[PDB]
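This document starts with one chain, in the form deposited in one PDB entry, laid out as structure tokens.
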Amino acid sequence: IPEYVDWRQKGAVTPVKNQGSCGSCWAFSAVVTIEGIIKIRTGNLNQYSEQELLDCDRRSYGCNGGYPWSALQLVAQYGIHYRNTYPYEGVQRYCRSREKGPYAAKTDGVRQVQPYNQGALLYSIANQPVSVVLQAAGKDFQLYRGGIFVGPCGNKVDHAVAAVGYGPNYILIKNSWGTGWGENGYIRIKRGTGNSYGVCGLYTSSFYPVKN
């Protein structure tokens, strides 16, 4: 369980993206999750469509609300297309999955990490990236243009992102905003403080598919 875990230089995460004026956090976080695992075994890095997840997942409320843990489940159940055969537009619409044709990616299950346990988060993040939530409605996290976020912030979780590494002290997160935020679309939050919930409630509820 290395002292350092970066999947970027591991060839697991692709360039950064933006959800835009679309409250669709959840589908983006997922595509990165599934994505990671998909490349971890096969040795093939891919960019899947979040747009599809939006238009297809009726359980989620597309362009403004969702469950990073429906998306995944969805995929495993059905599947998910490339981000070319289903590029992101930013507006929820009619499911094209079927109309689009044969799927391209399809997992083999979804599991959740025991909330409120850093030790647990890491491990999984060590075996493969994960979808995690937190407080973004933040007025500080909103302004982050590079650094180690300690706060201030709260325990009112409401935005989903992704963890793509950690250090002895900083946890790495991929944001669904442009590369005109944090440190090039990236933000480092601090771990090991005692805060069980985890600063910004980053330890509330996390997840991930399964792959054979």
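Sequential numbering from 1, following the sequence displayed.
Omitted here: the form solved in complex with a small molecule. The next part is about that form.
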Every residue in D55, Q73 and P87 with a non-hydrogen atom within 4.5 Å of the small molecule in the deposited bound form?
no
Of 162-170, 146-154, 177-185, 45-53, which is the one stretch near the small molecule in the deposited bound form, taking non-hydrogen atoms within 4.5 angstroms as near?
177-185
Interface residue in the deposited bound form among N127, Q142, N117, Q77, criterion: non-hydrogen atom within 4.5 angstroms of the small molecule:
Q142
